[PDB]
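Enquirer: build me a structure from this.
(3 chains)
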Amino acid sequence: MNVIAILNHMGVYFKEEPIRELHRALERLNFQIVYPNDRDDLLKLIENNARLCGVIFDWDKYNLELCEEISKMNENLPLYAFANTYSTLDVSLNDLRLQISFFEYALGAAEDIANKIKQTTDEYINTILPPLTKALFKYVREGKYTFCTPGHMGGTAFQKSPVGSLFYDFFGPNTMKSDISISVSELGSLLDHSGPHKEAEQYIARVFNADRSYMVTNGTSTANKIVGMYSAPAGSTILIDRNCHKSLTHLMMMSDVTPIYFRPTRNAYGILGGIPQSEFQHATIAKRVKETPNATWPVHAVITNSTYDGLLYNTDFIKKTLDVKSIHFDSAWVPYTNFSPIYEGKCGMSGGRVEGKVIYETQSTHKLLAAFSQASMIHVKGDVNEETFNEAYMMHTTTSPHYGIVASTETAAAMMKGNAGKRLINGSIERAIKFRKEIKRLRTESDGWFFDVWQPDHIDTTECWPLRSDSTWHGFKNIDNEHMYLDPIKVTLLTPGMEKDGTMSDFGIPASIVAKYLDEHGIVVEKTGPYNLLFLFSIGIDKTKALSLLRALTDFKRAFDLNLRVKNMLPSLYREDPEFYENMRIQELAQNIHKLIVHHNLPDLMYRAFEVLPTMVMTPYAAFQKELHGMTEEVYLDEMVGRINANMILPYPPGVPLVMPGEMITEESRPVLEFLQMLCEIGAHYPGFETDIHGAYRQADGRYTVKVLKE
Amino acid sequence: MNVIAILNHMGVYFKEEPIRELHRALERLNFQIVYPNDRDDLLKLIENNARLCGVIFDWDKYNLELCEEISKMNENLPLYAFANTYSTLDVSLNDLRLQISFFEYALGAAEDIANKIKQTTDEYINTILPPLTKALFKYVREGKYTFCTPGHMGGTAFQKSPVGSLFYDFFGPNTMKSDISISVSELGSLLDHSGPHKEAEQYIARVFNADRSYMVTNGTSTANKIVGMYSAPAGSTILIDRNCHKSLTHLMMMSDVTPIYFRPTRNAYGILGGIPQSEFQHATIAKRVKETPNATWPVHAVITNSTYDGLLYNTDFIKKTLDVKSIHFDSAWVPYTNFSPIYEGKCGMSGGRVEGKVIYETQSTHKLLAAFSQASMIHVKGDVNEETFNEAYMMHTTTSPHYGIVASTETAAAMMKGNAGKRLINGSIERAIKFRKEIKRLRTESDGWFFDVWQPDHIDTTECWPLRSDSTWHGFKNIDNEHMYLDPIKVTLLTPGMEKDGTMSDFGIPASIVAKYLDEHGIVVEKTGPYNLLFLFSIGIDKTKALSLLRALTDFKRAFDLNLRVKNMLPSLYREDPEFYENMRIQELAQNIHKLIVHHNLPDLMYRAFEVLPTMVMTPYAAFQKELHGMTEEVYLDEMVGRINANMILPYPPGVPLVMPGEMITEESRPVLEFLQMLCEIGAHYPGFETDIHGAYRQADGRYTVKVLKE
Amino acid sequence: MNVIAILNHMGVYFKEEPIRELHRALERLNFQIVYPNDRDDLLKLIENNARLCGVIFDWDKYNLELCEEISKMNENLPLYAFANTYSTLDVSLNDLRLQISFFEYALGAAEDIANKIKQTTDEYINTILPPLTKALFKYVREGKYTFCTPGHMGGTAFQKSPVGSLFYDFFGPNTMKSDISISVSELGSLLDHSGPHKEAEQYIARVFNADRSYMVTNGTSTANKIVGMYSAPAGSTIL
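Expert: Residues are numbered from 1 along each chain as shown, chains lettered A, B, ... in the order given. Here you go, the structure:
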């Protein structure tokens, strides 16, 4: 933070020379001085450069123009106004949050002003920085605690070892000194929630709109288990979404609970839709309690909102309809909802308290917001036993946490507060919507085939677009209205190959080929499917990367329509088998894999495999308990009819839990196994496009074998 | 890593000028050139400076001298020898590991040599750096992957926010760009153990002498659960040390297991000794299995080795005597045993495999070695189900881990390999023994009272000193020979106040005052007791801090014998209550608290409270399960006789588990309650010296309340 | 206070170059570096120059000689001792009041030591300076109180007048800003004896050996009249 901007062209010397003297005085105090030419020139500097922290201007020339515009971008930004004898405050400036400090045009006095700017800038830094982060940074600069844990003590152990010195020189002195323990009393403790630590949790809860917040140092995968073990005791019943994370499966393996699975909708492409409103009814759940053995009334409910592909649930419905005392949302993909006005009534923190019910939110702070990895938030809306919740919190949180992760959790929350934080979200949405508009515009203007965005035909309004039954862009049949909403920044592109009806097309290009082409240029796709491609437009995505992807997509069409060699277009795929893709071209490869999908009937087998769920034999807890004793054996995939599974099966595509540990594949769930065996055949023809199944093991012959319980 | 040393004047120009040209050529490649004077002057440079990576010397002048001495400090260190016409290789240089490159004295050719040194140095950097850390650093320098998770993508999101930019400028670009996920294919995955990630685990196992090693991103607190849940299924019996970590208690709260506790010895001071040899035998365990309901034969045994106070168990005895199929060692305090020749047959990795038995080690890599916080290792010696162990590993480990914590775990192992690594441990032992000898030397020379090291009278040999039964320095009655060994770097000082017999002395100074005095100068005491103080001599502890503590201790005696004011000597304690310590002096304060210990009879009640264990009613699992239902109430400490506890009671001193959740205070375990009530009285007299009990709540009236089950 | 002295003649490079790097690092932090030739040469520097506030020396060469002699001139004076592997504290050093901070001979690490010296020197300044004087000096550097009495407000009224500017330029900014009233609450009040004011009186009474001390702003000529009017009422007799 060392950038000070000075506007204005004077022409009078009694004003110019004091500015000249201030320029030299500020440069000696380690500051970059920039000179904008006009009113709008100055505004663009603050918009692009965040390191700007000082605007110097004549009050009698720019009191009405800037003062309203600058406050819209940053309220805390220090303003230094140089005024004359006849200067007056306007009534419109009364409604504006402005940190204005006044000064006089004087020779020699510039050295004293330079010291007043330094002090105001140092106070400005303390204004934006959150409690714990401000305390940690102060400790690194001044604090000297010797004989502490960790044993490195700010990188002292590293400086003695030849290999250690390379590790210290890389991360820097500020990173190494920040890594400490609870030995420092002025910073407090995470497990005890005292001092700057409790101030941090209160700061996060204020920004994210929650009654009480908690920081997790081991990611959301651990955050789910803290909420889970608290609201779900042993021998109880839990409601869990089928479209769930790998960690939620682990929770069921660790805690002795009987699960009831939600049934989420799905389309032709493989995009998982929302759980119907009929599933949340009091009568539908009570019937499944009767059917499932050892099952009572649910005490904890887990719903994944939003989805991986970007679909928000109407929480105002679920909070009122669902008759469970503990409702928990896995908000790993929507930690930006609370700040933008378009997400109102779509997130778990919306509205407020529900009588006799507690609402949870576990967010992946790093995944979409700006924070270090393993940083997670637990937002609690309602009343909970704070003495008992901390017991479950301490079970999964270590005694000596990495303070850098704790700080990044708090910093991420501070990055959202104020108009500067709101513009970060609103700017991210506008970049995504503009990207969606450009694809559609290029689709009409380009010659031949082009990519299509998975969105409504009329996106004229900036909002979460509702999924209405009268529309067919989403591909769900008889879907609930005012229930599902499409997330703008979750852009899903569709490659030509499938129709609007759900039937196959003649001409088609697989999405896995486009995903491997973008991997050459550097772009990584988050979720790769048969014909769908998911792109994340996080707050870390700028206008630069918005055009770099847009150019790369048009370069795919240019190289495809001209039909270039696989050897030329895909050098990474060529390295895997040079003999195989020696003479093959891009038009040949695209038609080859497309015909394999048609021949093996992938999209229809994908639909039928997930609609019917495998029969529950024993709880995921009992499935792992039998594995611990050593009563498991490996049989072939064709032999698993009527066998109890030990490991979770995760097939790509789509990349969602198909078979849980403790479930059995029978005649009821026969389309499940027909889908898995089909993947073994289709992923053996062409190298690079292997079969991706978690739990299954690729053998010497080629058949995938599964781990099941003994008899 | 830019230090190149040039040795000797030559007196001849045909040698000096080519060196001078090389000097300028290397400086253009950003190298700092140092000029040692003599043979031993060069040797001291490498010992003090780790960033030294180049030794330039004439071959015919320093052939025999250096080449044997350099390799003893660093083998990988690149040596550049300039040789003449009659230069020959000696036979004594055959047995030495030396990277020697030869060059000619030539004008102008120095520019070509400079690039050859640059290449050799870059090859040297690749020699010492371990696989994953090398791969991570390579990605930061070259790798460009956009549209990835986490959303910051090398601090791109941070540079847009005013408060974000400050967070970026602090940690630096290299810290931010290192934070990624499994999106990068060339780095691999932690959960899948693939690529560089598997190379890292095989590197750690090789250095720490283990069959299989794992990296934990959530500390040792999480590493214990991974081994715990794997080796102990529900309804099985476990052996667990009473001197255990808070995390091992949580393990019993989330896994349905019935525990049998080991009985460790204790002295008069409060130092916890080892568990007797009779406790590990087949007969003594079999009796307790019969005596405890719902208990079968133990399947998993956990022992804390070494202790907090630094006492190593004879592992070669335990591995043979104990007839349990799974043995766990909580080595959070000894991650340096496998590198110094004195720890042989004293750690869990020593010797090797045991038939039909598996040995575990969970190490705190940050606490004593050089690594980031939350870094932990699991070392496996024996045969384990790799498919099933990974399941328990994935349950507690997050899907997206912090790559900085992963890298520091691997780098810590690289800091141990070779003579460059061996000198760090041998050096830290050298510093601690020297410190121990300096205390004893000053004890004999100083006028009056002085501190004494809790050690044998004759410490003439450099080894782990065995606790013999003929000796009485330790204070344990009838202790087993060749069973316990004193750790050299674990220095424990004793302030006068107790006798060698175990009785109280007339003159005495509490250790709590000395700990607070050292806190003023910055020195933090790890374990604070009544009359004992613990000091850790890790690899991060240097000769500077070894003397800074030695001076701070002698400054205490000077300020005590002259008797300064508490206002002057303890300014931080003066802030607590200015009116209370206004006229109090250091000799008056030391006599007051010492008389409170004698009057309340602390050391005797502390002995009898831990000798007899509270009778177990229900398992720690069942205790927490009742707490989840809401059947808990708060009662006074005086009325908890015949009550079932819900929270673990951790009293300071000594800071070890006294009461577990599910245990009852009865008539056979009455000294337990007598010890806690006495702590409430003694910590109510003087401010600053408050009562520290974890689980208990200090109320408005003063009486402490414990949380017990409803009945 | 910006004078740091460095003793010793080494001959070994692993000690000389880290001192060379410390020299350049301290000069950037606004310090004069002086190099005494021998033991007595260093002692004469401290005797004549009061602005000296740092002695840098090898511990293994000058631990017995200087440590007894320097303490006799100044106890608070910060000492920076550079020690090797085999360094031990003598028993005669136990009876001496010495502020010794230890450091290692290392390349590059000199920049970090320079920041440790600056912090120790700034703590040394706070050790010798008395309560009220320390509070006043801190106010001039940081404090910004506007609309106060006296009306000059740190020499703002003077900078507007042609004749006033000559008065301001003479005494300096530090003299003009120090002149304030009881408007500043963190400094306290003289007439009420509160805060730094009462701490000052207690400090003076401790040094001059008195039960209670008072400060007079109008000389001894006024100090006699305060004592006089208290112990001598009207119609009484005085000696």
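Enquirer: domain ranges for chain A?
Expert: A:1-129, A:130-424, A:425-594, A:595-711 (CATH domains of a matching chain).
Enquirer: most tightly surrounded among those domains?
Expert: Ranked by mean neighbour count, those are led by domain A:130-424 with a mean of 21 (mean count of other C-beta atoms under 10 Å in any protein chain shown). The way it works is simple: take the backbone N, C-alpha and C, and place the C-beta from them, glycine included.
Enquirer: so how far does that domain reach from one end to the other?
Expert: 18 Å (C-alpha to C-alpha, to the nearest Å).
Enquirer: give the closest residue to residue A:118 in space, chain neighbours not counted.
Expert: residue A:29 (5.7 Å; C-beta to C-beta, 6 or more residues apart in numbering or on different chains).
Enquirer: check contacts around that neighbour.
Expert: A:114, A:115, A:117, A:118 (C-beta atoms under 8 Å, 6 or more residues apart in numbering or on different chains).
Enquirer: among the residues you listed, which are located in helices?
Expert: Mapping these onto helices (DSSP state H) picks out A:114, A:115, A:117, A:118.
Enquirer: circling back to that earlier point, SS state for the residue nearest to residue A:118?
Expert: Reduced to three states with DSSP: H, G, I helix; E, B strand; the rest coil, the structure at residue A:29 is coil.
Enquirer: before we move on, back to that, and which of the ones in helices among the contacts of residue A:29 is nearest chain B?
Expert: Comparing those against chain B with C-beta to the nearest C-beta places residue A:118 closest, at 15.7 Å.
Enquirer: show me what from chain A comes close to chain C.
Expert: Proximity of chain A to chain C, by C-beta under 8 Å from any C-beta of the partner chain, involves residues A:106, A:109, A:112, A:116, A:119, A:142, A:144, A:159, A:173.
Enquirer: quick one, what contacts the closest residue to the first one other than its chain neighbours?
Expert: It stands for residue A:106. In space, and not counting its chain neighbours, residue A:106 is closest to residue A:18: 5.7 Å by C-beta to C-beta, 6+ apart. Counting by C-beta under 8 Å, 6+ apart, residue A:18 makes contact with A:82, A:105, A:106, A:107, A:109, A:110.
Enquirer: look up how far residue C:188 lies from the residue lying closest to the last one once chain neighbours are set aside.
Expert: It refers to residue A:110. Leaving out its chain neighbours, the residue that sits closest to residue A:110 by C-beta to C-beta, 6+ apart is residue A:21, at 3.8 Å. Separation of residue A:21 from residue C:188 (C-beta to C-beta, to the nearest Å): 37 Å.
Enquirer: now residue A:121
Expert: 31 Å.
Enquirer: and what of residue A:676?
Expert: 82 Å.
Enquirer: could you do residue A:275 as well?
Expert: Applying C-beta to C-beta to residue A:275 and residue C:188 gives a distance of 68 Å.
Enquirer: now residue A:370
Expert: Where residue C:188 is concerned, residue A:370 sits at a distance of 47 Å (C-beta to C-beta).
Enquirer: and what about the residue of the stretch 551-700 of chain A found nearest chain C, helix, strand or coil?
Expert: Of all residues in the stretch 551-700 of chain A, residue A:572 sits closest to chain C, at 41.6 Å by C-beta to the nearest C-beta. With three-state DSSP as the basis, residue A:572 sits in helix.
Enquirer: which one is it nearest to, not counting chain neighbours?
Expert: According to C-beta to C-beta, 6+ apart, the nearest residue to residue A:572 is residue A:520 (6.0 Å).
Enquirer: for residue A:419, what are its contacts?
Expert: Counted by C-beta under 8 Å, 6+ apart, residue A:419 has contacts A:71, A:72, A:73, A:74, A:75.
Enquirer: next SSE downstream of the helix or strand containing it?
Expert: With secondary structure defined by DSSP states H and E, residue A:419 is part of helix A:418-445. The first helix or strand that comes after helix A:418-445 along the chain, using DSSP H and E, is strand A:452-453.
Enquirer: what sits closest to residue A:615 if chain neighbours are left out?
Expert: Per C-beta to C-beta, 6+ apart, closest to residue A:615 is residue A:664, 5.0 Å.
Enquirer: surely residue A:63 and residue A:81 touch.
Expert: Yes - between residue A:63 and residue A:81 there is a contact under C-beta atoms under 8 Å: 7.3 Å.
Enquirer: wait, a strand at residue A:258?
Expert: Yes - counting by three-state DSSP, residue A:258 is located in a strand.
Enquirer: stretch A:538-546: how far from the chain's middle?
Expert: The chain centre lies 14 Å from the centre of stretch A:538-546; the measure is C-alpha atoms, centre = their mean, to the nearest Å.
Enquirer: ok, now stretch A:673-681?
Expert: On C-alpha atoms, centre = their mean, the centre of stretch A:673-681 falls 32 Å from the chain's centre.
Enquirer: ok, stretch A:625-637 next?
Expert: 36 Å.
Enquirer: what's the span of that stretch, first residue to last?
Expert: 23 Å.
Enquirer: can you put the residues of chain A next to chain C in JSON lines and add secondary structure?
Expert: Shown next, in JSON lines, are the residues of chain A next to chain C (three-state DSSP):
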{"residue": "A:106", "secondary structure": "coil"}
{"residue": "A:109", "secondary structure": "coil"}
{"residue": "A:112", "secondary structure": "helix"}
{"residue": "A:116", "secondary structure": "helix"}
{"residue": "A:119", "secondary structure": "helix"}
{"residue": "A:142", "secondary structure": "coil"}
{"residue": "A:144", "secondary structure": "coil"}
{"residue": "A:159", "secondary structure": "helix"}
{"residue": "A:173", "secondary structure": "helix"}
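Enquirer: what's near enough to touch residue A:53?
Expert: Here residue A:53 is in contact with A:1, A:2, A:3, A:4, A:77, A:78, A:121, A:124, B:162 (criterion: C-beta under 8 Å, 6+ apart).
Enquirer: now, those that are in strands?
Expert: Those of the contacts of residue A:53 mapping onto strands are A:3, A:4, A:78, per DSSP state E.
Enquirer: include distance to chain B when you put those residues into a markdown table, please.
Expert: Putting the ones in strands among the contacts of residue A:53 into a markdown table (distance: C-beta to the nearest C-beta, whole Å) gives the following:
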| residue | distance to chain B |
| --- | --- |
| A:3 | 10 |
| A:4 | 14 |
| A:78 | 11 |
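Enquirer: now do the same end-to-end measure for stretch A:348-368.
Expert: First residue to last in stretch A:348-368 (C-alpha to C-alpha) measures 17 Å.
Enquirer: I'd like the distance from it to the chain centre, please.
Expert: 15 Å.
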